[PDB]
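Residue numbers (the working numbering), protein chains in the order written: chain B, 90 to 302; chain S, 90 to 302; chain U, 78 to 280; chain X, 78 to 280; chain H, 78 to 280; chain A, 1271 to 1506; chain F, 1271 to 1506.
All C-beta atoms, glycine included, are put in the ideal place defined by N, C-alpha and C.
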Amino acid sequence: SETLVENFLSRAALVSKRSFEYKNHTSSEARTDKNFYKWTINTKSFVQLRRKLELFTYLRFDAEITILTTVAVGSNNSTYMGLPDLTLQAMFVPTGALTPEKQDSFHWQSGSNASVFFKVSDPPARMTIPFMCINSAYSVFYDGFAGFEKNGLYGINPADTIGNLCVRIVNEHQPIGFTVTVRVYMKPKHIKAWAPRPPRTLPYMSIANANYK
Amino acid sequence: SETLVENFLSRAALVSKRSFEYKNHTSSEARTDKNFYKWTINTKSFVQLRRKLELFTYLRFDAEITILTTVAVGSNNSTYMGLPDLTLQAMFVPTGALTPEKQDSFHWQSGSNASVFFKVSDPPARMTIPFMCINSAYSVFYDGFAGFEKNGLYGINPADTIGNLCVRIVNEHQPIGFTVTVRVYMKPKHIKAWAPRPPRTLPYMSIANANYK
Amino acid sequence: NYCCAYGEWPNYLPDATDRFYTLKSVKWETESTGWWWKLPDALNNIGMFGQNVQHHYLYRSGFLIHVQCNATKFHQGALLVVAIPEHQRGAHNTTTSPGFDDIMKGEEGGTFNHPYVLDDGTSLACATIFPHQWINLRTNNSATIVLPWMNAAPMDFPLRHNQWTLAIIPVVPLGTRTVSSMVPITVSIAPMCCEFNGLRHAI
Amino acid sequence: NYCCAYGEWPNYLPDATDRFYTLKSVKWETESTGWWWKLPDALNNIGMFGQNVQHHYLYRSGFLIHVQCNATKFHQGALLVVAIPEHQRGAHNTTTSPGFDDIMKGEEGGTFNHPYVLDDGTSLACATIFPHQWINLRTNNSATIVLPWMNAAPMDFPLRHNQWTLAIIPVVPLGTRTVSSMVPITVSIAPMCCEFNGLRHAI
Amino acid sequence: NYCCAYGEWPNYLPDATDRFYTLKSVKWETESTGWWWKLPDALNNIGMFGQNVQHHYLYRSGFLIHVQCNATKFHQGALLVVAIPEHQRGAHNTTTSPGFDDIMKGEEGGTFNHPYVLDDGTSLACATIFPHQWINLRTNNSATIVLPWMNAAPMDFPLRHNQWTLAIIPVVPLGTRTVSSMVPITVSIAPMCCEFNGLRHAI
Amino acid sequence: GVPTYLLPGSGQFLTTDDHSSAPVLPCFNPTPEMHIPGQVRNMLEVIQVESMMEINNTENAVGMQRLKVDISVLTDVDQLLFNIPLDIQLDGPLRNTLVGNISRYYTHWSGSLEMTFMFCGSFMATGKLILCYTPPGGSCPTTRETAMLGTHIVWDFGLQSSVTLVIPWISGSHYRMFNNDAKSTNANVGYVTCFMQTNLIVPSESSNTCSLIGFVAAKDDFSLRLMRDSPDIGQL
Amino acid sequence: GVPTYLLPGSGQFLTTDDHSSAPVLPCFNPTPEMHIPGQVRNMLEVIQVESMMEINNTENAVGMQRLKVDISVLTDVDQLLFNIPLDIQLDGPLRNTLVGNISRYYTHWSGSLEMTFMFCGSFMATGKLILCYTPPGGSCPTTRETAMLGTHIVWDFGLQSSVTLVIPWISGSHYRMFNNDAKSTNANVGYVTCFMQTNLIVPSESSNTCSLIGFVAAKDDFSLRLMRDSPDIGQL
């Protein structure tokens, strides 16, 4: 029973820990986070849960998402001052839907998209991402190309891109900067696993492909 | 009914009170706590609950664990300033699993291990450690040696080491130091006791053995 | 005896091209690393099924893999015939995703670069979890493998997706003490329970 | 009469070596502190059971303890025969864990250093909670104790674990006014309902 | 197929050690005379049966002889596997009785000096009156022979008596034209229906 | 009802809790569940399918040359050929299998292990090989006379050319696990050795250097508990 | 349902609460419960098994020399031999027993106490001993004529050589407890004394210094309440 695949794959492993900075990034920033981070939901960024999910080909599951956000003071301020409250509008962007580019990026209203509301002074955000892919399971691999052009990337599904889990500061900027470490936890429930693969032996170098060295 | 062994052994006695310090211990520390303390769960560190549990040989129970953490200001700061919030990722490490060595020690993701999330501004952390030992009860004694070598320690079980109850600051360091007194409470529920022993008369000197003086 | 993948016979989709498309048989040597044929890319350009690949935007097909190792009884060697479900390959020591020519090898199929890790970061030592048989020339001269529909999508494009991937690997190299001699690997694939919809231009 | 431990007869494991292994009987004196024999360490090196200890990685066994105090009726003395379940000993005034030679005493067994605290920090005054009989020479010249399987693990190694520990203690020292004379403690142990699995090398 | 001696299955005495004790397989060459293993002297020093030989003054046992000649089909040769009942050997051209080292050869067994007369004055040409099979590598790669209790005494000492004697003889020498190559004689003996009484010291 | 007081562990992020949460898209119907072949309901179905191991276990050898043993004609009679430990959660030949890598994803592993060897030689190749499963605790045998004391199989290659060694579930405790360190009692599992009883005999025209491939799978009695992150891979 | 308002004692860490919590490992099956002999379902099973006490109770004597009394031939007739108090939660001979140390783990202790003495002498040793249980409140008797007023047992050693003294459950209140101090009414329990009625008579070849061992256990009517931390041990 403990060795059931539902019991096996439902471990809340950290797959994206983004310590994204909360400051007036509109003042002088070039490429970095503008009080928001756009993370495409792929379960392959951290190799523990990745090698847990390279065990199988096809993995249809209801992907429970748990977002634990901890606000720490910035090193520029170098003062504690107490932890201020900060509600976060955590949007999931589905495949095909547009992704935001700013903190006030006009997509955060989410007329079609689904966003949740929570605070930092509240236990972590537990919702359940629906199994949304066009195919009947999550092909974590793709022996093929996403597009019909030759330069399409190998290994990427045009259907298993889960979305973009975009988390911002809906509140305005503070004069005191704060590094918000957002930790993303995947609890895949309702595991429907198919066709087991060997566990990976050689270390990874690229998240997208399965190259070896 | 009050004298039932389930009613007898289920008293939440303090068995590890670690006032571990919360500061940039990466700056200049040698042996002390680096914003975390690694305590192997043995029920023998405090002699009240210990002599309560030297009453019997074999003690199979579901060991409820209650962690009460109180954050006090440091004497270096000498200022109150108000009590800041601090969530704690309380991990249990089972036998065989690795134990962390830093606050950000790469084992805190816990792909196999079980960790709980709670805050200091939340009532104390009540979960129930499963009866996890390979043997069918907790042999609190061991008339034998853990290893087949001669230099193996007497009295230690390679199966009744419950684990390591490792509690850290998942949040980053504060510029103001804080002594976090973590108090560990054991409520053993579902007592299955076997073969009563005399209560201990002479004082202890070592936690591991049962020497007398 | 056949070794149908995970104990189920292939069939049509729930609510002509069954000719055994024998490939050009590869020379098995002592130094032969192994040969992989991605399906239907091994049959994308040959036969009426190969024309159905271009003529249809979507497809579904099972495959009756039959590998033949015609050998003397004095010959030595076992090949892992493994039909990998969805073999995403990798390249050694590079972070770059492998391109068209390293995967879309056509009817001839690709050789194995480092087959011990199965050229994908896994281990071939565990690759017997797969649809798999043995062509150990002591007892088995010819093996066969039955492959159902293996895709999360019910019915997809052939020309930009490989569902199965045959991989014939010499876990033990050839032995006849004339280093190696003859022994071809006659890989014959019959698309069984084939179905094609979406009548569009021949891509 | 026997005094089976906690009123249950020993048996095999739920889903040959039953010879009474009589030990070398110890001289009981007035100044005799007491003698403990750890089981199966008292029988680790003697007999077919002793060879089964080395030849098997795991074991289970009950023990039919029989202590004999052949005495004149004019002799005086009662010994606590207590079979301690899992006697973790201790050393006086040291924080060091007691080593091999203070515990692995072999067939002869160890004497008691401070038996009033039972050499473990407890009290022998309460040690009648144990499997226990009396060899008070006024009425009882020979006592016996039946020991089932006493380990939290169902079946473990003999050579690195003592389940039971016999302890024959003079709570009242010997009296015959020729300080002490004769009176041996014939401790005979029969491993009953013995079972051994894990056929490995003789350790 | 087995060739049980004189058509009777072995059994216990009328009113544990059944492991196939495989020996160190001997190299069969063209110039190989033949190898004899006296039973239980071939198993006197190996295994739990070997320890039971020393630990018991008397014994009885049947033996399930299994000889394996793993060979290529191009290899040539038939060995007489004969289990001689009570093979009293002899030495060539001497009137002296053969001693300990010429008979008590241990687990490795003795080679044949003049096997055509079977080293006992008889003829091996008639030695097919025996429990006997053929390991002619044209058709038979592995032979087996079932041996009951063969002694006039019902139950006797192992360490000073050989009841059976295996003898694997090349009546036709090996042929592979590389003089000889590989072909071991894997002689595996399982003492079946073993029984041991007389629990004494290990001799 | 109305008066509720919270738990001591209330509001804690648990890595292995299973209480359901509110879905993000309530009106979304997922893709209909179609019958993909190969349904995994448990990892045991992964475990009782075969897997070769590094039976050469020689440090210089890597690749399939370490995955296969090379039994030559010139290999001496009564020679140690495998010396495979069974510490599937530790280093050894069996670490890169389904059995080893799945067991490294847990802590407490129990069950009997089937060990099928198939002899990759010519059809005309022959030779009797003695394969001993040493019980746990017992050390390695180096000769055949120290080998057949344990449960051993004599294997003339013959026509089958594939034997199985059903290592029984035998242990001091009732599961086998990490023991928190390799230097313990229940950490060692027992050795499996092979020797040549009657030597490899091959024809003078066939291949002289014969080979052999091992496998591991489980029985139906295999079980796993205390799932943990394996040291097979790690991020850096 | 939806409207809940918290308790006044909500969110409090209670030392002796029994409401269950969420387990740390939800998918872990524990070790199967095997029949270990000696199952303790209550401490009473520990209490009605015997335990010797320090019947010498002489300050110079320590060890088993204080655990046993030494009745000599040269002991004078009608001599106080035990003077054992029954304050099992206070200092006395009975403090280092199962009865005393278990009762010190509670506060409110009730029940009748069996007191078996066995005479450790020679088989040919004889002597009649008068053993008086003084009722609570009554002081110690020093002579035999002040001793047989209470419930007393005359004990010639004979063939049995072991008597029991069933001290009845008699108290001013309906339980006996600490009384918050030793200097109170219900804190004192009553004395048990022994004297020699017809003197110890031993043969001239046997041992002159005879001995005797006491025991305590409970009846089935023993009960305990208000479990507390005993002063038997403490950390420093």
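Please confirm whether residue i and residue j have their CB atoms less than 8 Å apart.
| i | j | result |
| --- | --- | --- |
| X:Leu157 | X:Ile266 | no |
| U:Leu214 | U:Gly139 | no |
| S:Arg149 | S:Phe230 | no |
| U:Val248 | A:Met1334 | yes |
| H:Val264 | H:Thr107 | no |
| H:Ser102 | A:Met1394 | no |
| A:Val1294 | B:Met275 | no |
| S:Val259 | S:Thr176 | yes |
| S:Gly200 | B:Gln192 | no |
| A:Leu1351 | A:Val1339 | yes |
| S:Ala248 | S:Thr146 | no |
| A:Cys1390 | A:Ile1483 | yes |
| X:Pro235 | X:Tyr136 | yes |
Grab me the residues of residue i's own chain with a C-beta within less than 7 Å of its C-beta, minus the 5 sequence neighbours each way, in chain order.
| i | result |
| --- | --- |
| S:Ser105 | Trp128, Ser134 and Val273 |
| F:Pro1405 | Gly1420, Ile1440 and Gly1460 |
Helix, strand or coil for residue i, going by three-state DSSP, please let me know.
| i | result |
| --- | --- |
| B:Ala284 | strand |
| A:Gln1309 | strand |
| A:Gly1442 | coil |
| H:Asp118 | helix |
| F:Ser1380 | strand |
| F:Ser1500 | coil |
| A:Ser1373 | helix |
| A:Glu1324 | coil |
| F:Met1394 | coil |
| S:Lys141 | helix |
| A:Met1334 | helix |
| B:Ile296 | coil |
| F:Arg1495 | strand |
| S:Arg100 | coil |
Taking its Cβ as the centre, do 16 or more other Cβ atoms sit within 10 Å of residue i, making it buried, or is it exposed?
| i | result |
| --- | --- |
| F:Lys1453 | exposed |
| F:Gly1407 | exposed |
| A:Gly1460 | buried |
| B:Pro264 | exposed |
| F:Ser1290 | exposed |
If I measure Cβ to Cβ from residue i and keep anything under 6 Å in the same chain, skipping five residues before and after, which residues do I get?
| i | result |
| --- | --- |
| S:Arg107 | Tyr126 and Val271 |
| F:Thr1479 | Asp1340 and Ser1342 |
| B:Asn224 | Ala248 |
So, for residue i: in the same chain, excluding its five sequence neighbours on each side, which residues have a beta-carbon less than 8 Å away from its beta-carbon?
| i | result |
| --- | --- |
| F:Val1316 | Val1310, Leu1368 and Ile1372 |
Those runs of the beta strand (DSSP E) which lie wholly inside the stretch 194-251 of chain S and span at least 3 residues: 203-208 and 214-218
Please list the segments of the alpha helix (DSSP H) lying wholly inside the stretch 119-201 of chain X, counting only runs of 4 or more residues, in order along the chain. 124-132
Within the stretch 199-263 of chain H, ranges of the beta strand (DSSP E) (whole runs, at least 3 residues): 209-211, 219-224 and 241-247
Entirely enclosed beta strand (DSSP E) segments - the stretch 1442-1469 of chain F, minimum 3 residues: 1461-1466
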